[PDB]
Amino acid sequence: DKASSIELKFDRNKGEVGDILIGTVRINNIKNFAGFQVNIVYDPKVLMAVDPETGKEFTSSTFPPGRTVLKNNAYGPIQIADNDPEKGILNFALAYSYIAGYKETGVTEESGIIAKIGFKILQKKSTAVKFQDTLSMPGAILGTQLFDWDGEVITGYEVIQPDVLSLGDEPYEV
């Protein structure tokens, strides 16, 4: 596109009980991107959030693995996790703390993966995983807040959601 977005996409939208579907959170063409906070909701009776790297079930302090950006320790990346898996809420954030250094070097990290989250299927009921607004993030864009290397809030980007995990609609092929 060249168009700016944050996107959550699954490797598959169908599965059997006990399969782990991988949700990958990406950013695309976010100018001078330096950090984010996101709020992602799911139905915890249908899916269980699991760490695809460690194999552990998500807890409140689990930061999702898998990023390909915001990895340069020269700029002091800081992870924050504040999930509530029992209520089907993932809420986490990461940024370079030393944004002035990042800006000075001038090598932008505008596209890549920021999180991978496993979702273990508990039952075959059609369900959605999505970015959603939260009272703890006033003025966010569907529960997403992206930051540039000036430390300012970025606006104007699309929020791409994954297709419905239509697990309750799995008929035999005709």
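Throughout, we count residues from 1 along the sequence that is shown.
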Item to check | 9 to 17 set against 158 to 166, stretch whose average Cα temperature factor tops the other in the entry | outcome: 9 to 17
Checklist entry - Do the C-alpha atoms of 53 to 61 or of 140 to 148 have the higher average B factor in the entry? => result 53 to 61
Checklist entry - Between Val41, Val38, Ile113, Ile121, which carries the biggest CA temperature factor in the record? => result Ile121
Checklist entry - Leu135's Cα B-factor: lowest, middle or highest third of the chain? => result middle
Next on the checklist: Quick check on the deposited entry: does the C-alpha B-factor of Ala34 sit in the lowest, middle or highest third of its chain?
Outcome noted: lowest
